[PDB]
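Those letters in the sequence shown? Residues 51 to 463, 468 to 573, 576 to 861, by the authors' numbering. Backbone N, C-alpha and C fix where the C-beta goes; we use that ideal spot for every residue, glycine too. Working notes, beginning with the structure itself.
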Amino acid sequence: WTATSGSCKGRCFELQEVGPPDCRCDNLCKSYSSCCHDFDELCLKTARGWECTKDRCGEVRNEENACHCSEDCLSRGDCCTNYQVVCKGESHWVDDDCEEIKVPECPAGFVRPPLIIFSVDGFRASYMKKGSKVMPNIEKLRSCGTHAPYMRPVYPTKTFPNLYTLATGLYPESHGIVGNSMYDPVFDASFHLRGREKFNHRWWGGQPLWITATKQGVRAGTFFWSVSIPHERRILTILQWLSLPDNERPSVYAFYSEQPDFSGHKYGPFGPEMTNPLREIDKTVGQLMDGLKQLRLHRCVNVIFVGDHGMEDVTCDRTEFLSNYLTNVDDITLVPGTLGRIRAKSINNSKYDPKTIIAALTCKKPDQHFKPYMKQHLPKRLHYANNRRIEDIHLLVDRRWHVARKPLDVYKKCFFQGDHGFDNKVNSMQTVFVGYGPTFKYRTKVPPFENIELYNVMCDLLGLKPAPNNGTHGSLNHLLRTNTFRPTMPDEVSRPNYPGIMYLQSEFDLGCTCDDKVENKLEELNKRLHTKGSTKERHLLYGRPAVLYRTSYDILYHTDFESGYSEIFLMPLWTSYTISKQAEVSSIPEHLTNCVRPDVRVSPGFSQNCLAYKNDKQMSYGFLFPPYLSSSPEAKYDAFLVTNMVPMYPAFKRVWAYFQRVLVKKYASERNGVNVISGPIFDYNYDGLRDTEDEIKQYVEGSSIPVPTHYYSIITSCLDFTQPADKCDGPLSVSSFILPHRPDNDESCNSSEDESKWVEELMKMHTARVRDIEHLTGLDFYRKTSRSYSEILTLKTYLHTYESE
Ligand SMILES: *[C@@H]1O[C@H](CO)[C@@H](O[C@@H]2O[C@H](CO)[C@@H](O[C@@H]3O[C@H](CO[C@H]4O[C@H](CO)[C@@H](O)[C@H](O[C@H]5O[C@H](CO)[C@@H](O)[C@H](O)[C@@H]5O[C@H]5O[C@H](CO)[C@@H](O)[C@H](O)[C@@H]5O)[C@@H]4O)[C@@H](O)[C@H](O[C@H]4O[C@H](CO)[C@@H](O)[C@H](O)[C@@H]4O[C@H]4O[C@H](CO)[C@@H](O)[C@H](O)[C@@H]4O)[C@@H]3O)[C@H](O)[C@H]2NC(C)=O)[C@H](O)[C@H]1NC(C)=O
Ligand SMILES: Cc1cc(OCc2ccc(=O)[nH]n2)c(C(C)C)cc1Cl
Ligand SMILES: [Ca+2]
Ligand code: NA
Ligand code: NA
Ligand SMILES: [Zn+2]
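Here you go:
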């Protein structure tokens, strides 16, 4: 119950929310149905519109007007935004030349440059170039400030998951807003775009920027604007707040526009109807900048222009229906559209079986426009599994398509021409970032980056300590003129052992065999050198990875590769090798097909054994350093060491063998050499973080050999490909992947074909940042380079997306 009988007199858009049942005059009062009786009258004036005209100049103040053109409006903080232009002969901000803001130029009493986040819904990255002719204010911010060609949103590429990621620095699986629609089974409660439940605080996890600021003594304006408040009034409210006394004035503000998303859904991303919404958003930017210029704040405030996601062409006819696949369609609940999430309709139905639903959805139609996954098998770069609100069964929908349960859902539940929600590497889902102000760089273009990184930067801009988040703090230092965050590298927790030769061959009883007893001071001294690390500088180019947790491991050196061998997991944590452009590929000799060799530096008790693989009828093995890329027949024997072996399902060995035999050489040819680090990953609780030994759910039958959930490779070369990977004087170039270690290739519908037709496609889908691999392994890479630490942090956040230009 709201006692709407109180008054908003002098309380309009008050910053502190008054507690029930007193009536409210803050911005959220509309949403709660709780505004005081006179909120519209006092707080939402529209009389005479939003612009001064010549005849209004120096008018007598009339408090009825939406905004003012009287001589007292500046000191009142409530002129129409074009007041100085119409009445005082001033220029619009957009008509003024760009001039570098070398230092903040702030009115007295300003303790720090304020930050204004101007957020636009559905603003696709390519609008910056394609609409630049009708967005002169935005184009000036872009060209004069710091801008990326695009910014990558989080998955799913929906509004609230992305806005809340902007606010928190967290993946949606961590902040809890995992869709615009959700069921939480612990709460037994449903979140929807419409209604009141969505405001309940239990949905919203982590710590958004306005709470971070407030806890640290920095005041914040409204982030969530009620839809019915017009944009001109939002701008006027921000400008009014900026005129408050020092002790009352917020330092951080947000504006939000529902456009161009609103029209994009109706007309498609490039519908001729789209030019007008773009002009209108630009005009709003112009109002804000003119207003800042009036307040003498246009060279003091940092402004961020940022979108939540893009927009793709999608129509009703491009819908796949689950009723064309499933017999049991009425026993499931589907969350539909540009992604699908499936759960049982009733928890009392014990005939419900995820495995038969996945199977009925897998490669059933030749041009099928969605792919089903158990959530733990989705690409790890989506970071979309570790939350009870994410259903176990997920459908990844191809761009331009929808999925629905039944046809009647699409006409009785074509209207639309645009939608979004798809895989966040898809080009049409990319959105915008521009930063303009004293703290941002001048006329500077930065490479694309992910929106999870912005919270840290916003905290840097405000002098706040960020709450723990998923950005990599320092990775965006190159956007900033000042206020950079200068991190130190994490400390190594576990130092390696460097074992020498300590075991005789007969101490081992591993059930392995090798045809290797085939017999020199010329060549024996040299091989001893190789086992002590004499080639290490060729194969370990950026220092050894640091192990950031407590464990027992050995560094093992070889002619062609170096490894960090875990005595706990019985296999390498990492294996590092360099392949020059000139390297040659060779086969595994006939006599060495089943060759596995005890490693005399590592005890029998800390070694794998061949018998376990013999007896595990489902599991085979592969090697981390590939025998195919051996530098010489003699060095090839090193590749068959038991310490270079890892468990691999036959189906996965198809993928891995093609990568090692074909693709590594292809990359070395194209990139002028590559350095490769490969290894296993164990993430059985799908939290994106390295499993401890007691979280392992599967072992090679009868043994203590843990089965990886994934295998990674980090492939580094010189950004200037005129220099070979091993003699690179400057910046680096990286691509990485995290391949799921699965016992079938059901994910690849074309897997009956030659690996050349499907393997690299799979690997592209499972592209990864080096940072993703760090989280999953407890390793820290690139510890010894000639590059700045912030540059290396940006490299570790790089994702190679394989999308066209
Ligand atoms: C992205 O960045 C984020 C942020 O840094 C990373 O997330 C952190 O990861 C940590 C490890 O997973 C995690 O640490 C745990 O904290 C527990 C305390 O939990 C509360 O307090 C924090 C701090 O305020 C709060 O943020 C939490 O909020 C979560 O939960 C609520 C709802 O319950 C949500 O509103 C919110 O969105 C968030 O949910 C997310 O995280 C939780 C896990 O916390 C998931 O369950 C959700 O799916 C969702 O993703 C909490 O309110 C603490 O209890 C844990 O301690 C256990 O484990 C440690 C191991 O060190 C052990 O010492 C303890 O014994 C303890 O075990 C006991 O409980 C076990 C489980 O019941 C039991 O099995 C044992 O037998 C023991 O009795 C743990 O330390 C931290 O909370 C989150 N922070 C956030 C914000 O998510 C994330 O990892 C990064 N991602 C990547 C890929 O890098
Ligand atoms: C910049 C920004 C805006 C924002 O909400 C704006 C909004 C969205 C829908 C709406 O109806 N009204 N307003 C959020 C939300 C509160 C999570 C976070 C951030 Cl970071
Ligand atoms: Ca884990
Ligand atoms: Na086997
Ligand atoms: Na297949
Ligand atoms: Zn939308």
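Any non-hydrogen atom of ligand 2 closer than 6 angstroms to residue i Cβ
i: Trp-260; result: no
i: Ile-167; result: yes
Cβ neighbours of residue i in the same chain (closer than 6 angstroms, five flanking residues each side left out)
i: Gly-181; result: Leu-328
i: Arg-61; result: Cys-75
i: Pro-258; result: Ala-217, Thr-218
i: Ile-285; result: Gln-337, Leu-338
Coil, strand or helix - residue i by DSSP
i: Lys-425; result: helix
i: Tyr-613; result: strand
i: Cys-350; result: coil
i: residue 574; result: For the chain, the structure lists 573 followed at once by 576, and that leaves residue 574 out of the model.
i: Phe-708; result: helix
i: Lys-721; result: helix
i: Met-232; result: strand
i: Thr-857; result: coil
i: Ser-846; result: helix
i: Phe-371; result: strand
i: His-532; result: helix
i: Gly-387; result: strand
i: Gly-472; result: strand
i: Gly-661; result: helix
Ligand 6 heavy atom lying under 6 angstroms from the CB of residue i
i: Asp-694; result: no
i: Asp-311; result: yes
beta-carbon residue i near ligand 4 non-hydrogen atom, thresh 6 angstroms
i: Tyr-669; result: yes
i: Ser-676; result: yes
i: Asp-800; result: no
i: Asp-459; result: no
i: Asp-403; result: no
Alpha-carbon spacing of residue i relative to residue j, whole angstroms
i: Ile-279; j: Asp-76; result: 12 angstroms
i: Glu-561; j: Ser-608; result: 22 angstroms
i: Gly-390; j: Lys-405; result: 16 angstroms
i: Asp-743; j: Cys-156; result: 45 angstroms
i: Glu-223; j: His-251; result: 16 angstroms
i: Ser-57; j: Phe-249; result: 24 angstroms
i: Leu-697; j: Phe-679; result: 9 angstroms
i: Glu-726; j: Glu-749; result: 39 angstroms
i: residue 466; j: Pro-520; result: Missing from the coordinates: residue 466, inside the break in the chain from 463 to 468.
i: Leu-597; j: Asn-731; result: 7 angstroms
i: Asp-122; j: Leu-345; result: 13 angstroms
i: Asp-610; j: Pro-550; result: 5 angstroms
i: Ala-116; j: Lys-95; result: 5 angstroms
i: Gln-66; j: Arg-269; result: 11 angstroms
i: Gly-387; j: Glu-816; result: 28 angstroms
i: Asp-747; j: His-87; result: 57 angstroms
i: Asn-481; j: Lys-179; result: 14 angstroms
i: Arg-174; j: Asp-72; result: 42 angstroms
Cβ-Cβ distance between residue i and residue j below 7 angstroms
i: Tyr-214; j: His-225; result: yes
i: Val-204; j: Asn-478; result: yes
i: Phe-494; j: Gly-195; result: yes
i: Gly-314; j: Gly-472; result: yes
i: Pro-502; j: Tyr-306; result: no
i: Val-302; j: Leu-516; result: yes
i: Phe-681; j: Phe-738; result: no
Close-in-space but distant-in-sequence residues of the same chain around residue i (CB under 7 angstroms, 5 per side omitted)
i: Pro-706; result: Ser-676
i: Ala-435; result: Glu-223, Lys-425, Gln-426, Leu-428, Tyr-742
i: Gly-318; result: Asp-363, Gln-471, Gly-472
i: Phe-793; result: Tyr-768, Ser-769, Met-819, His-822, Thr-823, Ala-824
Check: residue i C-beta below 6 angstroms from any heavy atom of ligand 3
i: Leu-745; result: yes
i: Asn-582; result: no
Proximity test, residue i beta-carbon vs ligand 1 heavy atom, cut-off 6 angstroms
i: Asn-505; result: no
i: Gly-226; result: yes
i: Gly-255; result: yes
Contact set for residue i: own chain, Cβ-Cβ below 8 angstroms, skip 5 residues either direction
i: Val-144; result: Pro-186, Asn-187, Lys-190, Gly-336, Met-339
Distance cut-off 6 angstroms: residue i Cβ against heavy atoms of ligand 8
i: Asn-741; result: Ligand 8 is absent from the structure shown, which contains only ligand 1, ligand 2, ligand 3, ligand 4, ligand 5 and ligand 6.
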